[PDB]
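The structure appears right after this line, and notes come after that.
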Ligand code: HEM
Ligand code: HEM
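Chains as they are written, first to last, in the entry's author numbering: chain C, 28 to 710, 715 to 753; chain D, 28 to 753.
Okay, structure coming up:
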């Protein structure tokens, strides 16, 4: 036996905070967490304990350390079938990554509606509040490879697979309410422009390069989503603290055949929160797996990601009642005009067992709808319908990808389709065609109806000539970027300006920067002038006289477009770094940890080395990580208790820890002699201080944490050397 | 026409320094750089200028902005074949990445031997000093995906494809002289242990996790290469500044049939240089493409990466004369016992045109040998021979991967092999078998001979039973790690201690840390105690009394194992950040730039914004990047000229730029009023070694800075950096 006698190799099969135990496969960590889909995967789960090591043919292996050779120093023999099977499997492990959204993190969960929506849709999963639908959700970046970093500046994907009683419904959305382009025909152009440049395959996970900004400068339809990407929306704190959107206008179909236009929303119940750019970029280096880690550990801790599904509903007769086209995916529907109606709740409560088998092989596709839903003529959605089925043929090696366990429906599926690579199902039907008499025509067609009926498309009126032509109604590119801009707080506006300025500073060809500044002048002159100033560009008199674009249906702002204008902070699941010293004041630590526990905030005890330190009262404190090992980038706030401050006062890493946290607008709390640290960080805003840590001290810190970041600190942070 | 009238969209087709022009495909940047392989690729190069946009079937496209629909707001029609072809191609762009070494950067070049090696090998590419062999080289990491970062702590791959007149020879090596494991059967175990853990697929490009250290703690054969990985060898400054090794003992076969044992080496003519850990980790975030970029830009600048091929030669009769087994890939051959003999030079002088077509699709395999070379029974090499052919079947979609242009030999190839997915060659031979009479048995076998002969294996004696058994001669795991350790400078030793300490601090299960510390106690007690102290572990009395391993054939050290013990610094191709102000003293800048240019050192002019600034004499200075946009991590040294220092004195990014460079041991030079920055980095009025200072940027100032740059980093500053909060 190679396991330690104390059993410290095995994580506790109960909820534990981040860092407390090694992470584990979901069905070992949380064995009692179940749903219909998780149970249906039991047929393919493979254990390991007490089993013999074998070949894939079931032959027991005696020596898994050596190849078969002619003498102990001899050549390896071709008859070593064990070696060749092992190496062959290894040699063929990889499959193509997703063309886009290759970097992603996933979890299992469930969805339940608040009330029946039978009045507006016949979709079974929305028919009854007691109807629970298992889900599998994958969050992702867009540009980067599967080996790229999490905290890049990019759009994020938010894909949900609903295992309904009437079929798989995939809600394949993003974290912004619009897309960059209007027509699917341009998707390869846009994606090629943002992806690493063809000659040298640089840069990874970054849109800050010539080809991206060249395309943007030449395609003003891109400007709306570019605004969102340049904002702090492009750098979420966690997948738990971002919004989700279906983007396209879809249809709901009820039993009477009435169509209602709908746009889908996911509201994070943990609130909206993003990083700041320097923090995000440095985090790609210190922890490229930050979001994947945070998601996994939140679930292991019982801090389940929760989202509320919401619908913006528009009657069919209101199709033309807006200043923009409902079918234009570069346009958002302001919540001030059409509110989001709460529909139900989704809870992600279990991680996968095997990342490759469940996450990598998962196939989501927006064409996977169910009776009660339908499409629209949105020309981006229209092209997506082709792409997802297509790509899955090579990525997942054939037309039987629905037979890969994670992708399998939980409801019945029977048809006349046969064969294909890796065919799992053995069909016993004497017939492989219909109509047939030899099997009494089974499986049979089902007419459409109120429940358990066949799929029938909504009989939308089609009138026109066969044209490859963009609707003139789509030819407005600046009003939604302006609405977005004006809805942001002054600090959010600054971060947008900084995002554009940083990105355009990496564009080698100056004329491209100039062309982008010209586009910005069509959105807002304050924005354009601020970016131009940072690039050493002067706006022309013509540029200064560009008439701003029209309001959107009389709106000059919509606060729902800001991350922070309306506070929605929640501290549960956040993490605090506690900077230890070799003689901690135990009274401070007791008070700190008790207050954090009460609010479900986690703590990580940090020091200059690993192991343990002893407090003033003899309490042995185990160290989670070093100051360098778990930088401030990975936490939400920093607390420094009193004690032997002289031990860490001259520690460069401890001082820098606070300077970085300060720069990145994080709350900092200093008790007793820890207040000596104020001077070393050049000092202000959001610094909690007192003689000791108590109720008052901790309440103040937790109030700051609910506000996420100390925005009031921004005016002089430029001057701080960190 | 969408291009600017001034033609500023197009790079100059001449050598230009990094950042001066946009980067470009190799055949457009350097059209006059040629070799037999590059010329042979002309049949597949596709241009673009002046051509109509078409489908893959040659049909001209009229509107590439829209799908075909029934009305301008109507549904997309299935008959839009243009849209479906475009989307189909897009949907199927990706191929599987390499299982290992997925992250890599490549270039074209050439090799030439110094003299004929006909006496020791009949390999045609080594037969004549005037015989030029084109090469294609790919450098890589091991663990990370194709989208992972360059400056991770890892082993680096160094793969060379030699397009010889007698076949492709692939020299598939790494940047360390040994591997982690002994037998190929364990490769999936080792790789699975270092790779992201299976449940959650974390961490990327990092060995700092439980499963890796669990495997290491249970498999002491790994300790030697682990030592190299934990050292600064694991974080090279550039692919130009690392060594290369074949690792395995191979054979050279001459015309008389004599076998000589050989180990292959690549000596970087730019010298050995590595980053420091904090810098390397931060660089993964600030520029994950740092090495790929540096390689591409060095070639575009005319700073061609050069390497000297060298051989360690051991006569057949000396097989057993060492304390270690020659066939053991976890053992190195000390240069003090067997010197590296200079063989030839390789120059990388042209970048690819299309990364996917040339780099991603390149297939290297150590089994691709030529007459004059042969294998040995090294059990790691033996298994490699199976793997490379095998993996290429799925990665490159079939058995015709040699037909992918980059992989094609330049010499003739004819055989009876037919068909297979994406078969390019159309065979006209009436026969697809041999022996045949219908084509008079052509193509024909060729007997082995001195030149242009068929391949015949060296008739090595085989004696033994069919066994899955490790040779007892391989059962020594601590002497080579100790030899390596003792060969390092004190600062290199500190960096190794820090490497282990950092990595083990990320291992969740404490017992694994304790088990690794126990292994270290079998190598060197100073090393073990220093790592233990950083982990809050106490060594037991038994651990303190472990007898050190034996010397390696009487050697206690070998300085050839250190990066820095023997100076080999070269400043050409290095880069200096110049921190500008809004009224630069032009006299300082003229002197600075002229001195750097003369030594082939590049400069990047930095400021708080993009655009231009004007010097005191009206000279317009173009800004390459901002202080935040091009951090100190990306440069080798920092110079601050005089002028209006008040403009940047309070700039947090400018101050931090210097603090970061200081912590990372980089030379810093301050002219005139720029000396006010000494307060940020806590330099005394009397100065400090490694900080160049003067009233102006005169003759002595630049010479002092360049002397510091030739020494790479200011090691003497190490005791001073701990106090700096950066
Ligand atoms: C509103 C615009 C879009 C959104 C929100 C979006 C979102 C996503 C997301 C989140 C994924 C990854 C899902 C996963 O596998 O975890 C993805 C994959 C993909 N998307 Fe989209 N997408 C958009 C438009 C497009 C368009 C216009 C096309 C092509 C016409 C396209 C083609 C694809 C393909 C081929 C993949 C990979 C699908 C796969 O291999 O599973 N996407 N998209
Ligand atoms: C002695 C130490 C080893 C060295 C120096 C070595 C070196 C390398 C290098 C440089 C590459 C990248 C080549 C490229 O750019 O395509 C590579 C790829 C690879 N190596 Fe090794 N390797 C070693 C041991 C192993 C072993 C034991 C195996 C398993 C038999 C192995 C399997 C592979 C595979 C399957 C790939 C990628 C396959 C491919 O080229 O498509 N290597 N190795």
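Here a beta-carbon is modelled for each residue, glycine too, at the ideal position from N, C-alpha and C.
Nearest to residue i (by Cα), restricted to the options the options
i              : options                        : result
residue 746(C) : 679(D), 335(D), 748(D)         : 679(D)
residue 460(D) : 470(D), 451(D), 453(D), 389(D) : 470(D)
residue 334(C) : 309(C), 305(C), 292(C)         : 292(C)
residue 579(C) : 727(C), 454(C), 402(C), 364(C) : 364(C)
residue 688(C) : 698(C), 697(C), 665(C), 675(C) : 665(C)
residue 796(D) : 598(D), 508(D), 156(D)         : Chain D is shown only over 28 to 753; residue 796(D) falls outside these bounds and no answer can be derived.
residue 286(C) : 738(C), 343(C), 144(C)         : 343(C)
residue 750(D) : 735(D), 701(D), 708(D), 315(D) : 708(D)
residue 724(D) : 30(D), 612(D), 526(D), 651(D)  : 612(D)
residue 408(C) : 277(C), 741(C), 650(C)         : 277(C)
residue 313(D) : 306(C), 539(C), 214(C), 656(C) : 306(C)
residue 588(C) : 56(C), 205(C), 483(C), 426(C)  : 205(C)
residue 422(C) : 122(C), 660(C), 201(C)         : 122(C)
residue 231(C) : 131(D), 557(D), 273(D)         : 131(D)
Any C-beta of chain D under 8 Å from that of residue i
i              : result
residue 648(C) : no
residue 555(C) : no
residue 759(C) : Nothing can be reported for residue 759(C): it is not among the residues displayed for chain C, which extend from 28 to 753.
residue 312(C) : yes
residue 351(C) : no
Partner residues on chain C for residue i, Cβ-Cβ distance less than 9 Å
i              : result
residue 184(D) : By Cβ distance, chain C contributes nothing, its closest Cβ being about 16 Å from residue 184(D), past 9 Å.
residue 90(D)  : 212, 495, 496
Where the beta strand (DSSP E) containing residue i begins and where it ends
i              : result
residue 369(C) : 367–377
residue 201(D) : 194–201
residue 280(C) : 277–280
residue 307(C) : Element bounds for residue 307(C): not the beta strand (DSSP E) but the alpha helix (DSSP H), 304–313.
residue 292(C) : 286–295
residue 337(D) : 333–342
Chain-ordered neighbours of residue i on chain C, where CB pairs are closer than 7 Å
i              : result
residue 404(D) : 100, 101, 102
Residue i: contacting residues in chain D (beta-carbon distance under 7 Å)
i              : result
residue 686(C) : 752
residue 670(C) : By Cβ distance, chain D contributes nothing, its closest Cβ being about 17 Å from residue 670(C), past 7 Å.
residue 381(C) : 225, 226
Closer than 8 Å at the beta carbon, the chain C residues around residue i
i             : result
residue 29(D) : 245
CB contact below 8 Å: residue i versus chain C
i              : result
residue 524(D) : no
residue 576(D) : no
residue 693(D) : no
residue 711(D) : no
residue 319(D) : yes
residue 124(D) : yes
residue 600(D) : no
residue 113(D) : yes
Residue i: CB within 7 Å of a non-hydrogen atom of ligand 4
i              : result
residue 134(D) : Among the ligands in the structure shown, ligand 4 does not appear; only ligand 1 and ligand 2 can be found there.
Start and end residues, alpha helix (DSSP H) containing residue i
i              : result
residue 506(C) : 506–514
residue 519(D) : 517–532
residue 218(C) : 214–221
residue 78(C)  : That residue, residue 78(C), is in no alpha helix (DSSP H); it is neither H nor E in DSSP.
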